[PDB]
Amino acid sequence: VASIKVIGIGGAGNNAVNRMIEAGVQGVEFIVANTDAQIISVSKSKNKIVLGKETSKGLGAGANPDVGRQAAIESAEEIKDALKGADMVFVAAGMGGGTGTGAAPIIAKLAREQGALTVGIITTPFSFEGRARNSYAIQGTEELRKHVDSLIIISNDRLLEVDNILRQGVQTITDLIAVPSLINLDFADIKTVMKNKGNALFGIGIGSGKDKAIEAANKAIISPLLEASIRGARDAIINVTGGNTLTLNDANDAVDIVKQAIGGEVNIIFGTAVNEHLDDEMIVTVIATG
């Protein structure tokens, strides 16, 4: 009977191990390791290791893989004790953060030096977690690969198919001023809406198919991006984006809902733009202030 252990490292690895326990994976011993004692405390695993107990003190490593690496080196003897006797060790982690990225290669090396067949199984971060976390992931992936027998890499980007939001926010306002289309706005109109206003709420929704203008406009009003409710906003800007087939009739049908949803005396302005990638699809974007 092979002795099989899974050690889940960092937040992602800790949650993966919880999933394995709740799915009833059999024949396997589960261990979780983290520098963050809070995640460890809600673990379903019976074998818990707080990495770097003396230096990080269970408070977490933060963003920097060097701290997760040093935490695992400090805990080397506890890790060897937990893994001792394994014929096979899976090292589970999400690349991108301070703990999984830096600790997983150390733990792989210790497991393999004990004689276990050592399999790394990791995720890599979304593109939109940004270049710094993706760059850490790349370096931690290479360091782990050095120390595991085999490495399985699961891309969170690709796992979706089984994109930049700061761009969408800017273009929502600028196309209405700088790109002439069916309807456009003056810069002085944007200024009355946005000058000396504080918080501005951003919502986006998209409608596929004919009644799109009602669908998109309705998703926008409740977009999770909305920091608060748009109800009662003194002023608001609406951007109705579409394809070559976009019409002025549909535009006011989208805007009508938003004017309804805000109600009151809302100084509401709007405008249009077209997109060479959308056929019948039509996305509504709202910015409201007050």
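We number the residues from 1 along the sequence you see.
### Absent coordinates between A188 and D189 - deposited residues affected, binned into four classes
Unresolved stretch here: none.
### Task
Take the C-alpha B-factors listed in the entry for 120-128 and for 170-178, compute each mean, and give the stretch with the larger one.
Higher of the two, by average CA B-factor, is 170-178.
### Message
I need to verify one thing: averaged over C-alpha atoms only, is the B-factor higher for 132-140 or for 192-200?
### Response
It is 192-200 that shows the higher mean C-alpha B-factor.
### Query
Checking the entry, which one of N47, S56, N34, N244 has the top C-alpha B factor?
Spelled out: the listed residue with the top C-alpha B-factor is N244.
### Task
Tell me, please, which of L248, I39, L225, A63 has the highest C-alpha B factor according to the deposited entry?
The listed residue with the largest C-alpha B-factor is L248.
### Message
Split into thirds by Cα B-factor across the chain's modelled residues, where does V286 land: lowest, middle or highest?
### Response
CA B-factor rank for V286: middle third.
### Where the record places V258 (Cα B-factor, split into thirds across the chain)
Within its chain, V258 is a highest-third residue by C-alpha B-factor, going by the deposited values.
### Query
Going by the entry, which third of its chain does the Cα temperature factor of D87 land in?
It belongs to the lowest third of the chain when residues are ordered by C-alpha B-factor.
### Task
Report the third (lowest, middle or highest) to which the CA temperature factor of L160 belongs, ranking only the modelled residues of the same chain.
For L160, whose C-alpha B-factor we compare with every modelled residue in the chain, the answer is the highest third.
### Task
Place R112 in the lowest, middle or highest third of its chain's C-alpha B-factors, as listed in the PDB entry.
CA B-factor rank for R112: middle third.
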